[PDB]
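Asker: Show me how the following folds:
(one chain, ligands or ions: 3)
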Amino acid sequence: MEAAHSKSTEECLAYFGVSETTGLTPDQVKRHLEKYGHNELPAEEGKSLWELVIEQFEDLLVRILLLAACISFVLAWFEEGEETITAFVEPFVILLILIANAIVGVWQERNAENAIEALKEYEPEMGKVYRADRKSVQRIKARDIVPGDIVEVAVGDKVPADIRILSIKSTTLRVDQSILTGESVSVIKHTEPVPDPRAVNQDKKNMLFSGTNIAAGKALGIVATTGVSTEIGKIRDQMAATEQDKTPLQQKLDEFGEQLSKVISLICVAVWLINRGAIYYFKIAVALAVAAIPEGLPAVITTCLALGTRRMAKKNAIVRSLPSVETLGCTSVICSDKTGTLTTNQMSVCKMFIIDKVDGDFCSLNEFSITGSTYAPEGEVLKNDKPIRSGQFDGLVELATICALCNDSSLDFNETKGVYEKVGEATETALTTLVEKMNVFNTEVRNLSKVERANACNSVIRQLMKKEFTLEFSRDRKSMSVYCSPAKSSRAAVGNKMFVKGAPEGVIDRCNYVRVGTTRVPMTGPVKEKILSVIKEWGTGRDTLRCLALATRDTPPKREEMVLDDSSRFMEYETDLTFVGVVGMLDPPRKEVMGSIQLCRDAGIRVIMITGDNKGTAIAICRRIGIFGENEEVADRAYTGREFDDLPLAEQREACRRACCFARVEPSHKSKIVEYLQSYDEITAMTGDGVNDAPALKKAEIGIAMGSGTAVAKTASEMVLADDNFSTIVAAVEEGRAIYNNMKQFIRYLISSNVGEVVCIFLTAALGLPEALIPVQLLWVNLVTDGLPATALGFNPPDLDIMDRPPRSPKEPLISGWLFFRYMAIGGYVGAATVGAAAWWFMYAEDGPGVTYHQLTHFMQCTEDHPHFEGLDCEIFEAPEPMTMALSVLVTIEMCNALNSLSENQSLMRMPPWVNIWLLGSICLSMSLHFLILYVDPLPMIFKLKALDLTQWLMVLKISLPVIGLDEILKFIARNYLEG
Ligand SMILES: CC(=O)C1=C(O)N2[C@H](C1=O)[C@H]1c3c[nH]c4cccc(c34)C[C@H]1C2(C)C
Ligand SMILES: [Mg+2]
Ligand code: NA
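Answerer: Residues are numbered from 1 along each chain as shown. Ligands and ions are numbered 1, 2, ... in the order given. Structure data below:
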């Protein structure tokens with residue numbers, strides 16, 4: 001049944017044709033079970049590290065290396081009757097590299113624990129129904145509940161399905177809807193229809209929502225919807241939105257990988273358009289692929305990311321997904337939940353007042369303030385910002401007495417967590433904490449164990465008066481009371497009191513006196529007017545507190561005369577009251593939240609509050625934390641979920657750009673707001689702690705959960721602030737930007753090597769030259785000998801002005817303009833210095849001089865034309881030395897390039913090459929690995945190399961060194977005649 005909240009109880013009963021007193025027949029159940037299915041959310045699996053690996057080869061860049069590996073495997077099989085001992089190394093290294101990258105890519109996006117499994121934790125396994133075949137309440141599996149049957153819920157129950165309330169059997173039914181609202185405050189349900197067909201969960205006080213729980217009361221209802229058609233079902237559908245997405249940097253990478261693939265298959269149409277019977281293509285096409293691809297990038301990327309995570313862990317931020325450690329770096333909008341995120345989610349009494357003195361039209365109040373933002377009994381009472389003893393004011397003694405006695409909650413020290421927690425409602429525990437701070441009888445608490453300290457002062461008060469019974473809360477009275485007698489008195493004794501608490505208006509009207517110290521005087525208009533004026537100010541400004549009036553009936557009726565089983569009589573028992581005091585409470589901001597907001601603003605980041613709580617307290621908090629100015633007007637800048645649902649699509653979309661405060665919202669509203677923000681192509685984050693935050697946390701580019709929040713929120717996030725420090729979000733942005741800067745410079749360095757290896761192989765094929773470099777070599781170059789210095793570049797002490805500019809545009813490309821022209825040209829000098837030396841050992845070299853008129857081009861004719869312009873041998877092109885001189889030049893050039901990459905524009909004259917010790921130590925590790933291929937006996941075979949002379953290396957150290965000057969020329973023109 002749709003819109004059950006908008007219908008009446010009989011209308012709902014009619015709709016399914018059941019009686020409140022027999023329920024469905026097993027016939028009706030079978031039919032409904034068939035038509036609607038079972039009462040449960042479908043599980044979401046999460047794929048396996050098989051088809052996750054399969055999805056690794058799913059992109060074009062590695063689709064190239066897999067195709068190439070097969071062609072390389074064909075080349076390794078059809079080997080001549082020569083070096084067949086280890087010619088398969090080429091294809092088998094590539095194939096290992098692919099699987100090695102495949103495993104590295106999956107592992108960084110970790111965590112097998114499911115968000116939906118955590119969500120089904122809110123499904124009860126058992127439910128309670130009245131069905132036709134039995135008189136007594138049946139207890140069946142919750143998954144067998146069907147729309148239409150009569151369900152019963154009571155104290156401590158998880159609600160089994162979305163239910164329309166039929167009759168409430170207690171004086172009140174109190175509900176905890178925090179999974180839909182993020183607020184623990186118990187909600188007071190009724191049975192009257194809620195006409196508005198677009199009412200929001202908070203407005204549907206005649207409904208029970210599945211997965212929520214019963215704080216107090218007993219109720220009977222009819223099931224409206226089950227399974228996936230519930231409010232928690234909506235949350236679930238948005239968790240299954242596994243529409244495979246990636247971070248803004250990964251997309252830039254994927255796009256860069258797609259631009260790089262349209263280079264390889266563009267040089268193949270270039271190579272082909274220069275000229276069995278074609279083994280020359282499938283030999284050099286493989287060399288083109290291996291060359292262009294900077295394989296090992298993942299390794300050096302992963303590492304950069306890995307050290308960011310590990311660095312972030314020391315700041316108490318746990319990054320559940322490696323790439324996300326950078327995301328906040330380029331975030332323009334941070335959406336944030338309020339309760340438990342921006343605030344502590346610990347209701348606190350921050351102000352209170354009693355009457356000072358009364359005189360005709362003059363009335364003055366003793367106002368006090370109370371510090372402490374937690375449930376811990378630590379804090380102090382101040383008058384005019386100076387400390388006082390609460391026990392000196394008799395009115396505060398009664399204030400505490402009322403708060404301690406008119407209370408069904410208490411405080412508990414959790415020894416495993418080392419913190420104080422509530423037991424019962426937050427608003428009542430605030431009263432418990434208040435009473436322990438006040439300590440109005442000067443009980444000695446300094447030396448109590450923390451567990452005894454929790455309720456010490458409340459216990460003292462409980463020793464003085466015996467609570468005989470509570471006139472529980474009722475809707476028509478908006479207040480509650482407790483009937484108490486002086487302990488150590490007889491049933492008959494006078495001195496009984498009623499202690500009342502409730503909504504200021506109603507309570508105050510039922511007062512005929514005001515307490516002054518231990519005296520009492522008539523309530524008058526001027527006195528009432530004074531009281532009401534401060535209650536009004538306290539609950540509307542930037543205070544906007546929640547105020548309770550506290551009163552006592554000095555002469556309550558005799559127990560006997562009071563009829564307890566009839567609550568409509570409770571109001572009149574609570575009359576002829578004496579006003580005592582007011583308390584004002586709010587759930588307070590975390591102390592570091594304000595600072596964090598300002599620093600984000602300074603980094604050009606927007607902060608938006610999206611909360612299930614109410615607009616008035618949403619706005620007040622926004623002012624406290626700096627999202628709004630204290631006096632700034634916000635009519636068009638703050639909205640409720642329902643106001644938002646009234647705006648047409650375009651207006652809603654614009655609202656997300658204009659507004660900063662969204663209140664009384666539903667889980668879907670949060671993801672909708674994030675969705676809109678993303679339609680302006682803004683990189684947006686979400687911060688939260690509740691189940692109601694999950695949808696939004698998932699849809700964001702990065703979801704950030706609070707350490708002390710819910711498991712659902714945590715499993716939907718990529719980052720958890722274990723200690724609940726909002727400051728860490730600022731530090732996260734800094735680290736995130738440092739990461740992007742690192743990648744920006746080590747991609748330049750590696751691709752520089754890559755473009756050089758491409759041009760080299762484009763010349764040893766268009767100039768018909770002898771094989772300059774081989775695939776087998778390049779794989780060791782790009783993964784091991786180039787990877788190390790690239791990984792060493794990540795040990796850069798970050799820029800000191802990285803947090804002062806705004807976030808980079810999403811459309812801003814990794815490398816473009818001058819940087820392309822830069823590495824593109826360096827990739828040309830390398831592509832000609834490796835070709836040069838490989839040809840130079842064949843000409844101007846004494847250890848094998850060929851025809852020095854460029855007649856090296858013809859290697860086509862060895863035994864084919866030996867009587868031609870020859871002079872000597874045949875097996876001299878496949879010599880190790882040309883490849884050795886080509887390799888050693890490639891390697892040595894990049895070692896300078898590594899020293900060149902220490903700065904983007906500052907010269908090595910102005911920035912010493914001994915800044916990074918990890919880089920220098922990496923060049924040694926590169927060298928001692930490069931010379932390890934030469935001297936170590938079994939290695940020089942596969943990589944076909946041989947060590948050189950003192951002069952041989954001196955020609956290397958003369959064709960590589962003048963790369964510094966080439967880059968220096970690019971540095972001068974950039975820093976001067978370009979910009980700056
Ligand atoms: C099998 C496997 O998991 C993978 C790989 O083995 N890789 C990456 C890759 O995803 C490849 C890649 C995708 N997009 C880009 C952009 C830039 C560079 C690269 C890539 C290198 C590719 C490689 C080989 C590192
Ligand atoms: Mg919250
Ligand atoms: Na996401």
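Asker: contacting residues for the residue in the stretch 1-150 of the chain that ligand 1 sits nearest to?
Answerer: Nearest to ligand 1, among the residues of the stretch 1-150 of the chain, is residue 101, at 2.8 Å (CB to the nearest ligand atom). Where you see a C-beta, it was placed from the backbone N, CA and C, and this is true even at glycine. Taking CB atoms under 8 Å, 6 or more residues apart in numbering, we find residue 101 in contact with 56, 62, 295, 298, 299.
Asker: Recalculate using a threshold of 10 Å.
Answerer: 56, 57, 62, 65, 295, 296, 297, 298, 299, 302, 783 (CB atoms under 10 Å, 6 or more residues apart in numbering).
Asker: what separates the nearest residue to the fifth one once chain neighbours are set aside from residue 798, distance-wise?
Answerer: With CB to CB, 6 or more residues apart in numbering as the criterion, residue 295 has its nearest non-adjacent residue at 5.2 Å, and that residue is residue 782. When CB to CB, to the nearest Å is the yardstick, residue 782 and residue 798 sit 27 Å from each other.
Asker: can you pull out the helices in the stretch 251-400 of the chain?
Answerer: Taking DSSP state H, counting those that start in this stretch as the criterion, the stretch 251-400 of the chain contains helices spanning 281-292, 297-313, 324-327, 394-405.
Asker: And the longest one, how far out from the chain middle?
Answerer: Distance of helix 297-313 from the chain centroid (CA atoms, centre = their mean, to the nearest Å) equals 18 Å.
Asker: list the buried ones in it?
Answerer: Buried residues in helix 297-313, counted by 16 or more other CB atoms under 10 Å: 297-305, 307-309, 311-312.
Asker: Check which helices and strands that helix sits against.
Answerer: If you count contacts as 3 or more CB pairs under 10 Å, 6 or more residues apart in numbering; DSSP states H and E, helix 297-313 packs onto helix 89-108, helix 248-272, strand 317-319, helix 324-327, helix 727-766, helix 787-792.
Asker: Using CSV, write out every CA atom in the fourth one.
Answerer: In this case it means helix 324-327. C-alpha atoms of helix 324-327 as CSV (Å, rounded to 0.1, in the frame of the first residue of the first chain):
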residue,chain,number,x,y,z
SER,A,324,41.2,8.1,-2.4
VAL,A,325,44.2,9.4,-0.4
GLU,A,326,44.6,12.1,-3.2
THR,A,327,40.9,12.9,-3.9
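Asker: check contacts around the residue nearest the centre of the chain.
Answerer: Against the mean C-alpha coordinate of the chain, by CA atoms, centre = their mean, the closest residue is residue 704 at 1.7 Å. Going by CB under 10 Å, 6+ apart, residue 704 touches 317, 319, 324, 327-328, 334-336, 341, 685-689, 693, 697, 713, 717-721, 726, 728-729, 732.
Asker: From these, list just the buried residues.
Answerer: By neighbour count, with 16+ other CB under 10 Å, those hold 317, 319, 324, 327-328, 334-336, 341, 685-689, 693, 697, 713, 717-721, 726, 728-729, 732 as buried.
Asker: one step back: pipe the helices of the stretch 251-400 of the chain into TSV and attach distance to ligand 2 per row.
Answerer: TSV is the format used below for the helices of the stretch 251-400 of the chain (distance: least, CB to the ion, whole Å):
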stretch	distance to ligand 2
helix 281-292	49
helix 297-313	22
helix 324-327	21
helix 394-405	26
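Asker: Compare neighbour counts for residue 782 and residue 798 and give me the winner.
Answerer: residue 782 (25 against 14; other CB atoms under 10 Å).
Asker: Is it correct that that one falls within a strand?
Answerer: No - assessed with DSSP: H, G, I helix; E, B strand; the rest coil, residue 782 is helix; it does not lie in a strand.
Asker: Now do the same contact list for it.
Answerer: 97, 290-291, 293-297, 299-300, 750, 753-754, 757, 790.
Asker: do you know which of the helices of the stretch 251-400 of the chain lies nearest ligand 1?
Answerer: Ligand 1 lies closest to helix 297-313 among those, at 4.4 Å (CB to the nearest ligand atom).
Asker: hmm, the closest one in reach of ligand 1?
Answerer: Yes - under the criterion of CB under 6 Å from any ligand atom, ligand 1 is reached by helix 297-313 at 297, 298.
Asker: now the angle between helix 727-766 and that helix, please.
Answerer: Our comparison of helix 297-313 with helix 727-766, counting by axes from the mean of the first three to the mean of the last three CA atoms, to 10 degrees, yields an angle of 170 degrees.
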